[PDB]
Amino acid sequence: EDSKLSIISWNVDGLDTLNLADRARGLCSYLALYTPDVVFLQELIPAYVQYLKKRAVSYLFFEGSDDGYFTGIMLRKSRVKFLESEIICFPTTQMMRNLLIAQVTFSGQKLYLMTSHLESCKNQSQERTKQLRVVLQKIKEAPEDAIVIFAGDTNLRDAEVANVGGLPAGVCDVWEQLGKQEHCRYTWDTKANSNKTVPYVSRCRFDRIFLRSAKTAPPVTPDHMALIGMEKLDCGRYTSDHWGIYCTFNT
């Protein structure tokens, strides 16, 4: 339906150079299939984002850096009006992580769109938790008339959100709100996804979407979510070692 917002969030694994060009074409095929209004990307590198800017011309692009690897937000120009953007630094990151924000108008409503790729690996629980607190604070404090959508690769694992006292009042995790469905829970699954070779099997819900409605208007609900990218491409590999999330909202 028309006023329904659609998004894709995906860590595209730009740090994996193997078949990277073919995999960027694969990403583009999913974007053409799903025509999302907003795309939140992690682990872009300059060659990858240059390619997307050549192909996905119906989108406006914002990046979290100009070199190394970084996040991106793409906004569908026919659907989403860009207002302003900013980058918030993570003071103690060892991995150049940060918080990229874009404020936009959509369906007569202000949206505050955010993405990050939180500090990586089990052993970085402490720094990752520090960054999570910064993200949740920015969600809470965002302009009262805006719907806030954070979507990114949080690297979060069991009990790390519980250990900060859970999500604050007014903020939900979309996968939780849609019923905690096993069918679309794990976004990183090394048994199912053969892109990285690993000594031990694991399944984690690293990619997450957090939603806050406007404080001054009726709340909106998520509609549906699905994991995407579970097809192999012509080159015999998946688009990424992560599955993407496609999600719609009742805006």
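From 1 onward, residues are counted along the sequence shown.
Highest mean C-alpha temperature factor of the two stretches 155-163 and 75-83, which is it? Stretch with the higher mean C-alpha B-factor: 155-163.
As stated in the PDB record, which stretch has the larger average Cα B-factor, 184-192 or 24-32? Taking the mean C-alpha B-factor of 184-192 and of 24-32, the larger value falls to 24-32.
Checking the entry, which one of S120, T105, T115, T92 has the top C-alpha B factor? Of the options given, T92 has the highest CA B-factor in the PDB entry.
By its CA B factor, does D67 count among the lowest, middle or highest third of the modelled residues in the chain? It falls in the top third of the chain.
Which third, lowest, middle or highest, does the C-alpha temperature factor of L52 belong to within its own chain? Middle third by C-alpha B-factor.
What third of its chain's C-alpha B-factors does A169 belong to: lowest, middle or highest? Ranked within chain, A169 CA B lands in the highest tercile.
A217: which third of its chain by C-alpha temperature factor? Its C-alpha B-factor, which the entry lists for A217, ranks in the middle third among residues of this chain.
Relative to the other modelled residues in the chain, which third contains the C-alpha temperature factor of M230: lowest, middle or highest? It falls in the middle third of the chain.
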